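Visitor: For reference, the structure I am asking about is given below.
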Amino acid sequence: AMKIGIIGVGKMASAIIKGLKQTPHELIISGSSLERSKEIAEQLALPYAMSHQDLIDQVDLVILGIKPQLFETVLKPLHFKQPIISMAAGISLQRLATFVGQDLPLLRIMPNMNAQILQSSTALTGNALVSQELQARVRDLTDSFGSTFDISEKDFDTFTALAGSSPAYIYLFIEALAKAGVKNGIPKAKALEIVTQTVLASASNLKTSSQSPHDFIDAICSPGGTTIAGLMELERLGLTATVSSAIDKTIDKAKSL
Amino acid sequence: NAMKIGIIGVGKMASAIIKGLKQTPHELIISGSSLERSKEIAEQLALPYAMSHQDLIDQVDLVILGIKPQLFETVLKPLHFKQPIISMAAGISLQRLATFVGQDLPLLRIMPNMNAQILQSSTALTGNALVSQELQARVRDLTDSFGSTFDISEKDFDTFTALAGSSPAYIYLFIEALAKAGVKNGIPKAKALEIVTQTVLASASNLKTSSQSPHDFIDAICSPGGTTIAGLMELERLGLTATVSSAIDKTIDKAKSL
Amino acid sequence: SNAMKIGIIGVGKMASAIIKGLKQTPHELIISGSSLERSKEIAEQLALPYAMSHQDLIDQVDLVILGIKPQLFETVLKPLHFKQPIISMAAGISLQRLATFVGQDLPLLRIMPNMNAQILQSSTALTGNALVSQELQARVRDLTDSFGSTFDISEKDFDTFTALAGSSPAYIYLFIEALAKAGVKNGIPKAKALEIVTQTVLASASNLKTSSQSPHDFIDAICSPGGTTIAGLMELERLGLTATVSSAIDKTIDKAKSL
Amino acid sequence: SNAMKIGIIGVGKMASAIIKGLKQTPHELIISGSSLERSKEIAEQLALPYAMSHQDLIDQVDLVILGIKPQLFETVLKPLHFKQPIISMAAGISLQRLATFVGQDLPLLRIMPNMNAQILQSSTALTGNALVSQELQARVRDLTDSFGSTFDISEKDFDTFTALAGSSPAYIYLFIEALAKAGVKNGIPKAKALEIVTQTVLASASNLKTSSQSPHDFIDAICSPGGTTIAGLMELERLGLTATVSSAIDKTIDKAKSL
Ligand code: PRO
Ligand code: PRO
Ligand code: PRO
Ligand code: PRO
Ligand code: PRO
Ligand code: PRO
Ligand code: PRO
Ligand code: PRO
Ligand code: NA
Ligand code: NA
Ligand code: NA
Ligand code: NA
């Protein structure tokens, strides 16, 4: 039952703590100021530390919940002495070692906001210093707020797009369907209820089936019907290309960070 | 209080609601396009068949129509109905149905979707002037057997057809597009599909139980100077929302024309 | 005998293409061109008898096949007096309309063949009016089976079939030519580029035909992750290949409807 | 005997597809997966011997075929010690690069097959380095001829061939699926729409193959003036079918180049 410290606590880091609370481990947090630390510690019902170093001094494992562009500034004056888990997009384990040390085991995760309901899809990977013992204990941590995917580091930026960023794309999609409902006479809340329930069921039906999404499309598209009319419209306007180009842009950005 | 329910025409959609119907106390019987088809689907479904549509009509408390909208006029006019009828067909009004079957029948429309297969359809229900408070409740019990039921007015049925009946296909094309982007970028199709399907399911579930709007979540996920806002502005640039909305418009136009 | 006499009024490219198949049947054939001069000319090319006029043809024949274009039906048919079942191959003209030109007392049939009739591999739709008996339709199916395969298609689906089977060979050729031209752009001689793609098209279609896998199933198989195929496929998506084809089929069908 | 022992390192979809053809040869086959577990698993599926490791495979075999993806060549090959001619099927990796991974003392060959190897109708390019004798190339051609046809293609043309023959089946499938989907839109069941178009695609390509006419010659033949085909063809032009295909081939080739 180790002691875990979280440096930087924004929305992603907060979403993860709910799940970490259901582990046997003891937790402590450290924010961007002492006042911010207290604020967040209050709403999570967890202790906080007097500084990042004070956190580092008492803790067996550190989780970094700060944004990637703050890594160099925030991390360089600190002296780490335990394994570190980064959740940051774009920053390689090699680059992290440059900031914190060549003598530490380092892990990356890529969770998403679904950690809020303990249903994150989280990628996990570690550097050469990560024993199978340590990787296992971290996997136990990630499994506490959803599922875990053994993902080689070269695939992290893609996974960031497919799983970390995609909930927002999924929400834009649902929102577009609901807005189309409003355009055509159905109240927003009601359209959103219908659409969300349909998304949920469709995804569950796919999960438990051996059929492909394209097999399902075939079943739903009655000849001369309404679905095939709308599907050909989605083809005309480039639905697939649009999603793919957005994914590419997500990945480009991850790379340049 | 147990009915005999007869199904005329059994396509993919009619087959999909059968599972739910089988969990009801009611007795069921079917009739396809020929006698040969009738026995093939009786075999497939472990349900008794009638010798004809009229034979079915003559012995049944309630009729569900599973035939395609384009076949209504041809198949229904020769027949003599003697009980409440449920149509699941896109784009055919109860008024228009009444001209096919009689002005003396209680008539209901439903709009289900393929998720009836897992008993998780989102189904619209409405009835004509001749449906009692009590009959619509009896039918709501039917539709609840294969998912959820929405009491929506008939003027809204074409929009509901797009939002719930057709949209699983649009959802699947979206899922497939995310997964193909994974393949393009070096992730095996099976794996890519597992990740995104799980993310879609969790995202929808979080939305449902949260008080936050879709746009509220987008704000939370879009870290300043991050990856999500980059991809989000690309979706804006290429017209994700306009594209979806135009597709729904086309779906509705088609329903109107049917 | 089982042999009947078959007369063909108007012989363009499509009518010529089915002749070869009709020659492999037990039947006697005779033709009639747009003029007596045209008739002799093409009777020579095909090695077949000609008639002195359409009505002369009609007076001796057991079955008429019309090879004239849809636009000429009214002009050419109305003056004639028909006495036997007629087969039309024209796009966009219903059996109901044909009967108004030709008579309400005749068995009438529609076919929709394609240029692959040339090598006896047409994909041909077949339908008949209420006057066509089972025996007659089977006799006509035997005719259509002589230059390809035959599909029992409802008349309401004829315009769509026209697009999918009658017009699509041209669309398939354009697509094949596009791939070969892309080979030329990138350093491969036209002839060699056409040999490679045509062979790949043939093999791919046979594979599809004998498999239980869908086209999309095959696409998943071929698209190695991070590979060359998925890159080309996403470019097809970006530029709207599927939308383009579907829009072209809609225009084909709109045309069939307005004819 | 004339029988040699052939070992396959890495067996994905493409390597599996050529196995069937290799079984119809007189040679002895052995495989090696990405792990000992994977090896046993797939040796069962194919009914073939497996090796305990890639090097174990190498030590007993007369010829190695590589079925691993281009991205893994460096990682997987460098630790191994090869002792025999090697055939690579990987897109975008030159014989020069392969020799830097594997040795300057080996005969090395490249092939570019496609998934039609499944029905023994691959369109397969073949080339060899300076170390490959006439006897060896002929022996390898015999191997490739077992699962399709074989083209003698210069290495400088391999990326283009990859697009025209290796990746294009997926593009052909998308095009076929587009036509069938257009049939669904317009009232024809998917299965039936796919049967009609696939048959038309097959027949059209055979017609082209055995004819002296160009694709464009055929297009002229099919496009009846004021007809349905020319309407659909001008819509193909408007929406840029040819440009789309060619652009997709360029992206395929760019990808091959960057691999
Ligand atoms: O909701 C419906 O009516 C359609 C019919 C086929 C698939 N679902
Ligand atoms: O495509 C159609 O026409 C039916 C009705 C909605 C879902 N499937
Ligand atoms: O996975 C992450 O790191 C991002 C941060 C905000 C939403 N989820
Ligand atoms: O937008 C970003 O940068 C973080 C990482 C994925 C989702 N939220
Ligand atoms: O030629 C090749 O190598 C590819 C691999 C998957 C499908 N065919
Ligand atoms: O997509 C790829 O990379 C492999 C090589 C050509 C066909 N399949
Ligand atoms: O089916 C037809 O009628 C057309 C005429 C020229 C080419 N094939
Ligand atoms: O283009 C046309 O009108 C004829 C009919 C289909 C093929 N050729
Ligand atoms: Na980066
Ligand atoms: Na309507
Ligand atoms: Na017409
Ligand atoms: Na390359």
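So you can find residues: chains in the structure tokens are A, B, ... in the order shown, residues in each start at 1, and ligands are numbered from 1 in order.
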Do me a favour and pick out the residues of chain A within 6 Å of chain B, using only C-alpha atoms, as JSON, numbers by chain.

Guide: {"A": [114, 119, 165, 167, 168, 171, 176, 180, 196, 200, 201, 202, 203, 213, 217, 226, 227, 229, 230, 233, 234, 237, 240, 242, 244, 246, 249, 250, 253, 254]}

Visitor: Next, dump the selected residues to file, keeping only C-alpha atoms, as a PDB file, in the first residue's frame.

Guide:
ATOM      1  CA  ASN A 114     -14.295   8.784 -19.122  1.00  0.00           C
ATOM      2  CA  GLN A 119     -14.440   3.888 -17.963  1.00  0.00           C
ATOM      3  CA  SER A 165      -9.086  13.340 -27.915  1.00  0.00           C
ATOM      4  CA  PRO A 167     -14.534  11.834 -26.753  1.00  0.00           C
ATOM      5  CA  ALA A 168     -14.669  15.507 -27.834  1.00  0.00           C
ATOM      6  CA  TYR A 171     -19.541  14.804 -28.453  1.00  0.00           C
ATOM      7  CA  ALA A 176     -24.598  17.720 -34.593  1.00  0.00           C
ATOM      8  CA  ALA A 180     -30.299  18.502 -36.703  1.00  0.00           C
ATOM      9  CA  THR A 196     -27.236   9.501 -26.780  1.00  0.00           C
ATOM     10  CA  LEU A 200     -24.886   3.911 -26.451  1.00  0.00           C
ATOM     11  CA  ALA A 201     -26.943   0.992 -27.811  1.00  0.00           C
ATOM     12  CA  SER A 202     -25.283   0.949 -31.243  1.00  0.00           C
ATOM     13  CA  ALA A 203     -21.821   0.830 -29.671  1.00  0.00           C
ATOM     14  CA  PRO A 213     -19.653  -1.576 -38.675  1.00  0.00           C
ATOM     15  CA  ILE A 217     -24.640  -0.454 -42.208  1.00  0.00           C
ATOM     16  CA  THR A 226     -34.157   6.675 -45.722  1.00  0.00           C
ATOM     17  CA  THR A 227     -30.815   5.454 -44.236  1.00  0.00           C
ATOM     18  CA  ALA A 229     -30.277   8.406 -48.683  1.00  0.00           C
ATOM     19  CA  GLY A 230     -28.559   9.886 -45.633  1.00  0.00           C
ATOM     20  CA  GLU A 233     -25.148  12.348 -48.263  1.00  0.00           C
ATOM     21  CA  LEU A 234     -22.426  11.626 -45.622  1.00  0.00           C
ATOM     22  CA  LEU A 237     -19.898  15.654 -47.879  1.00  0.00           C
ATOM     23  CA  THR A 240     -14.968   9.672 -43.261  1.00  0.00           C
ATOM     24  CA  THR A 242     -13.251  14.704 -42.299  1.00  0.00           C
ATOM     25  CA  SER A 244      -9.530  11.073 -40.700  1.00  0.00           C
ATOM     26  CA  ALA A 246      -9.040  15.652 -37.833  1.00  0.00           C
ATOM     27  CA  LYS A 249      -4.238  17.031 -37.156  1.00  0.00           C
ATOM     28  CA  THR A 250      -4.523  15.713 -33.587  1.00  0.00           C
ATOM     29  CA  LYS A 253      -0.062  18.481 -32.867  1.00  0.00           C
ATOM     30  CA  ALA A 254       0.951  15.660 -30.511  1.00  0.00           C
TER      31      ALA A 254
END

Visitor: Enumerate as an mmCIF file with N, CA, C and O atoms, in the first residue's frame the residues belonging to chain D that approach chain C to within 6 Å, with only C-alpha atoms taken into account.

Guide:
data_model
loop_
_atom_site.group_PDB
_atom_site.id
_atom_site.type_symbol
_atom_site.label_atom_id
_atom_site.label_comp_id
_atom_site.auth_asym_id
_atom_site.auth_seq_id
_atom_site.Cartn_x
_atom_site.Cartn_y
_atom_site.Cartn_z
ATOM 1 N N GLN D 121 -4.353 -16.284 -58.226
ATOM 2 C CA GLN D 121 -4.448 -15.325 -59.335
ATOM 3 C C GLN D 121 -3.826 -13.966 -58.988
ATOM 4 O O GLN D 121 -4.265 -12.903 -59.473
ATOM 5 N N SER D 167 -2.024 -2.758 -54.070
ATOM 6 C CA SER D 167 -3.002 -1.959 -53.335
ATOM 7 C C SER D 167 -4.337 -1.851 -54.066
ATOM 8 O O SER D 167 -5.351 -1.689 -53.422
ATOM 9 N N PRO D 169 -6.439 -3.840 -55.586
ATOM 10 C CA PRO D 169 -7.631 -4.618 -55.266
ATOM 11 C C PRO D 169 -8.552 -3.904 -54.276
ATOM 12 O O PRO D 169 -9.767 -3.930 -54.460
ATOM 13 N N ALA D 170 -7.988 -3.245 -53.264
ATOM 14 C CA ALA D 170 -8.819 -2.492 -52.310
ATOM 15 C C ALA D 170 -9.581 -1.353 -53.015
ATOM 16 O O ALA D 170 -10.740 -1.073 -52.695
ATOM 17 N N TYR D 173 -12.375 -2.951 -54.999
ATOM 18 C CA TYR D 173 -13.476 -3.260 -54.069
ATOM 19 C C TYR D 173 -14.320 -2.059 -53.670
ATOM 20 O O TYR D 173 -15.544 -2.158 -53.575
ATOM 21 N N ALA D 178 -19.231 0.882 -54.179
ATOM 22 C CA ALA D 178 -19.915 2.142 -54.557
ATOM 23 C C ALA D 178 -21.087 1.927 -55.535
ATOM 24 O O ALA D 178 -22.169 2.504 -55.362
ATOM 25 N N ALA D 182 -25.067 2.275 -54.702
ATOM 26 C CA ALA D 182 -25.900 3.097 -55.572
ATOM 27 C C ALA D 182 -27.159 2.314 -56.015
ATOM 28 O O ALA D 182 -28.244 2.872 -56.145
ATOM 29 N N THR D 198 -20.521 -7.293 -59.860
ATOM 30 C CA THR D 198 -19.318 -8.152 -59.865
ATOM 31 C C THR D 198 -19.242 -8.937 -61.177
ATOM 32 O O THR D 198 -18.190 -9.042 -61.786
ATOM 33 N N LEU D 202 -16.312 -8.521 -63.911
ATOM 34 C CA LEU D 202 -15.655 -9.683 -64.499
ATOM 35 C C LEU D 202 -15.755 -9.754 -66.027
ATOM 36 O O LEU D 202 -14.738 -9.896 -66.716
ATOM 37 N N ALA D 203 -16.983 -9.670 -66.545
ATOM 38 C CA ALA D 203 -17.224 -9.760 -67.981
ATOM 39 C C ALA D 203 -16.566 -8.616 -68.746
ATOM 40 O O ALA D 203 -15.965 -8.847 -69.801
ATOM 41 N N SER D 204 -16.695 -7.391 -68.228
ATOM 42 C CA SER D 204 -16.089 -6.211 -68.850
ATOM 43 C C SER D 204 -14.575 -6.340 -68.932
ATOM 44 O O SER D 204 -13.975 -6.069 -69.976
ATOM 45 N N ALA D 205 -13.951 -6.750 -67.839
ATOM 46 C CA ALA D 205 -12.495 -6.906 -67.867
ATOM 47 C C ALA D 205 -12.021 -8.010 -68.854
ATOM 48 O O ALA D 205 -11.004 -7.824 -69.510
ATOM 49 N N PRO D 215 -9.873 0.842 -73.624
ATOM 50 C CA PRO D 215 -10.997 1.242 -72.754
ATOM 51 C C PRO D 215 -11.845 2.372 -73.343
ATOM 52 O O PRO D 215 -13.081 2.257 -73.371
ATOM 53 N N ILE D 219 -15.837 2.696 -74.442
ATOM 54 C CA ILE D 219 -16.692 3.782 -73.938
ATOM 55 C C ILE D 219 -17.484 4.424 -75.072
ATOM 56 O O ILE D 219 -18.685 4.626 -74.948
ATOM 57 N N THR D 228 -28.226 7.043 -71.729
ATOM 58 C CA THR D 228 -28.063 7.029 -70.278
ATOM 59 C C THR D 228 -26.564 6.971 -69.837
ATOM 60 O O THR D 228 -26.171 7.599 -68.843
ATOM 61 N N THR D 229 -25.755 6.207 -70.568
ATOM 62 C CA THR D 229 -24.315 6.059 -70.265
ATOM 63 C C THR D 229 -23.512 7.356 -70.369
ATOM 64 O O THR D 229 -22.695 7.647 -69.489
ATOM 65 N N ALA D 231 -24.667 10.351 -70.054
ATOM 66 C CA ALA D 231 -25.093 11.186 -68.923
ATOM 67 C C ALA D 231 -24.314 10.819 -67.659
ATOM 68 O O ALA D 231 -23.787 11.699 -66.967
ATOM 69 N N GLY D 232 -24.230 9.521 -67.363
ATOM 70 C CA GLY D 232 -23.461 9.086 -66.203
ATOM 71 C C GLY D 232 -21.970 9.354 -66.368
ATOM 72 O O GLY D 232 -21.287 9.658 -65.394
ATOM 73 N N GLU D 235 -21.090 12.938 -65.674
ATOM 74 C CA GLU D 235 -21.123 13.133 -64.212
ATOM 75 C C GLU D 235 -19.845 12.625 -63.528
ATOM 76 O O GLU D 235 -19.371 13.238 -62.569
ATOM 77 N N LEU D 236 -19.272 11.541 -64.059
ATOM 78 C CA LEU D 236 -17.983 11.030 -63.616
ATOM 79 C C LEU D 236 -16.881 12.059 -63.844
ATOM 80 O O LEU D 236 -16.071 12.305 -62.957
ATOM 81 N N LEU D 239 -17.358 15.231 -61.529
ATOM 82 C CA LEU D 239 -16.961 15.013 -60.140
ATOM 83 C C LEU D 239 -15.527 14.486 -60.015
ATOM 84 O O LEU D 239 -15.022 14.337 -58.918
ATOM 85 N N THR D 242 -11.388 10.215 -62.637
ATOM 86 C CA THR D 242 -10.050 9.906 -63.100
ATOM 87 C C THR D 242 -9.002 10.605 -62.234
ATOM 88 O O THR D 242 -8.023 9.994 -61.826
ATOM 89 N N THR D 244 -9.412 11.524 -59.197
ATOM 90 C CA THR D 244 -9.474 10.926 -57.858
ATOM 91 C C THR D 244 -8.608 9.665 -57.762
ATOM 92 O O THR D 244 -7.769 9.526 -56.850
ATOM 93 N N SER D 246 -6.176 8.705 -59.756
ATOM 94 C CA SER D 246 -4.782 9.022 -60.016
ATOM 95 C C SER D 246 -4.128 9.648 -58.782
ATOM 96 O O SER D 246 -3.005 9.320 -58.411
ATOM 97 N N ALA D 248 -5.110 9.085 -55.715
ATOM 98 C CA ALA D 248 -4.986 7.976 -54.744
ATOM 99 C C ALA D 248 -3.773 7.077 -55.020
ATOM 100 O O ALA D 248 -3.111 6.637 -54.092
ATOM 101 N N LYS D 251 -0.672 9.025 -53.791
ATOM 102 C CA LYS D 251 -0.544 8.874 -52.331
ATOM 103 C C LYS D 251 -0.035 7.493 -51.929
ATOM 104 O O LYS D 251 0.748 7.375 -50.987
ATOM 105 N N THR D 252 -0.478 6.460 -52.647
ATOM 106 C CA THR D 252 -0.044 5.082 -52.394
ATOM 107 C C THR D 252 1.467 4.984 -52.608
ATOM 108 O O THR D 252 2.197 4.443 -51.784
ATOM 109 N N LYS D 255 3.557 6.918 -50.115
ATOM 110 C CA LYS D 255 3.704 6.101 -48.918
ATOM 111 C C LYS D 255 4.791 5.047 -49.117
ATOM 112 O O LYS D 255 5.678 4.907 -48.280
ATOM 113 N N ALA D 256 4.730 4.319 -50.233
ATOM 114 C CA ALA D 256 5.748 3.325 -50.543
ATOM 115 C C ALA D 256 7.151 3.945 -50.488
ATOM 116 O O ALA D 256 8.052 3.339 -49.903
#

Visitor: Could you tell me which of D:93, D:111, D:54, D:154 comes closest to ligand 5 if we count only C-alpha atoms and all ligand atoms?

Guide: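 Closest to ligand 5, using only C-alpha atoms and all ligand atoms: D:111.
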
Visitor: Would you please work out which residue, of C:76, C:47, C:86, C:17, is nearest to ligand 8 when using only C-alpha atoms and all ligand atoms?

Guide: C:17

Visitor: With 7 Å as the limit and counting only C-alpha atoms, what residues in chain A lie close to chain D? Please list them as a list in words.

Guide: residues 223, 224, 228 and 229 of chain A

Visitor: Using DSSP on the backbone coordinates, identify the residues of segment 9-65 of chain A assigned to strand (DSSP E or B); present them as a list in words.

Guide: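 Matching residues, listed in order: residues 26, 27, 28, 29, 30, 48, 61, 62, 63 and 64 of chain A.
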
Visitor: Kindly save the residues from that selection, with N, CA, C and O atoms included, as a short mmCIF file (atom, residue, chain, number, x, y, z; two decimals), in the first residue's frame.

Guide:
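In the end it all went to result_11.cif:
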data_model
loop_
_atom_site.label_atom_id
_atom_site.label_comp_id
_atom_site.auth_asym_id
_atom_site.auth_seq_id
_atom_site.Cartn_x
_atom_site.Cartn_y
_atom_site.Cartn_z
N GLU A 26 -2.45 5.53 -0.34
CA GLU A 26 -2.63 6.84 0.25
C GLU A 26 -2.23 7.87 -0.77
O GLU A 26 -1.25 7.69 -1.49
N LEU A 27 -2.99 8.96 -0.84
CA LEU A 27 -2.83 9.95 -1.87
C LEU A 27 -2.53 11.32 -1.30
O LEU A 27 -2.98 11.66 -0.20
N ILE A 28 -1.77 12.11 -2.04
CA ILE A 28 -1.52 13.50 -1.70
C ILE A 28 -1.34 14.29 -3.00
O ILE A 28 -0.85 13.75 -3.99
N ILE A 29 -1.77 15.54 -3.00
CA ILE A 29 -1.77 16.38 -4.19
C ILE A 29 -0.96 17.67 -4.01
O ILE A 29 -0.78 18.15 -2.89
N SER A 30 -0.50 18.24 -5.12
CA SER A 30 0.23 19.49 -5.10
C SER A 30 -0.14 20.26 -6.37
O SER A 30 0.11 19.79 -7.48
N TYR A 48 -2.98 17.80 1.12
CA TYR A 48 -2.07 18.42 0.18
C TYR A 48 -0.72 18.73 0.81
O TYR A 48 -0.57 18.71 2.04
N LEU A 61 5.60 7.15 -5.42
CA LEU A 61 5.26 7.21 -6.84
C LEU A 61 4.71 8.61 -7.11
O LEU A 61 3.93 9.12 -6.31
N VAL A 62 5.15 9.24 -8.20
CA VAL A 62 4.62 10.54 -8.61
C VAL A 62 3.82 10.45 -9.92
O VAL A 62 4.24 9.79 -10.87
N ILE A 63 2.65 11.09 -9.93
CA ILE A 63 1.84 11.26 -11.13
C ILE A 63 1.88 12.73 -11.53
O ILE A 63 1.61 13.61 -10.70
N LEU A 64 2.29 12.98 -12.77
CA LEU A 64 2.28 14.34 -13.31
C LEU A 64 0.98 14.64 -14.06
O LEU A 64 0.68 14.02 -15.10
#

Visitor: Write out as a ChimeraX atom specification each polymer residue whose atoms come within 9 Å of residue 133 of chain C, counting only C-alpha atoms; drop sequence neighbours fewer than 5 positions from it.

Guide: /C:107,128,138

Visitor: Quick one: everything within 12 Å of residue 106 of chain C, counting only C-alpha atoms, minus sequence neighbours fewer than 5 positions away in the same chain. Send it as number ranges by chain.

Guide: C: 63-64, 81-87, 95-96, 98-101, 128-133

Visitor: For those residues, write C-alpha atoms to a file as a JSON list (two decimals), in the first residue's frame.

Guide:
[["chain", "number", "residue", "atom", "x", "y", "z"],
["C", 63, "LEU", "CA", -40.65, -13.03, -82.86],
["C", 64, "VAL", "CA", -39.42, -9.45, -83.30],
["C", 81, "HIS", "CA", -48.61, -3.71, -87.97],
["C", 82, "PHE", "CA", -47.23, -6.30, -85.56],
["C", 83, "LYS", "CA", -48.48, -9.88, -85.38],
["C", 84, "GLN", "CA", -46.16, -11.60, -82.85],
["C", 85, "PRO", "CA", -44.42, -11.17, -79.48],
["C", 86, "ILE", "CA", -41.92, -8.30, -79.36],
["C", 87, "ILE", "CA", -38.73, -7.87, -77.31],
["C", 95, "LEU", "CA", -44.02, -2.21, -71.54],
["C", 96, "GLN", "CA", -47.09, -0.02, -71.04],
["C", 98, "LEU", "CA", -44.61, -0.01, -75.92],
["C", 99, "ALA", "CA", -48.17, -1.42, -76.02],
["C", 100, "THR", "CA", -49.55, 2.05, -76.91],
["C", 101, "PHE", "CA", -47.17, 2.13, -79.91],
["C", 128, "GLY", "CA", -42.68, -9.54, -69.65],
["C", 129, "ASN", "CA", -46.18, -8.09, -69.69],
["C", 130, "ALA", "CA", -49.35, -9.89, -68.49],
["C", 131, "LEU", "CA", -49.73, -11.43, -71.97],
["C", 132, "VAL", "CA", -46.43, -13.39, -71.75],
["C", 133, "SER", "CA", -46.95, -17.07, -70.88]]
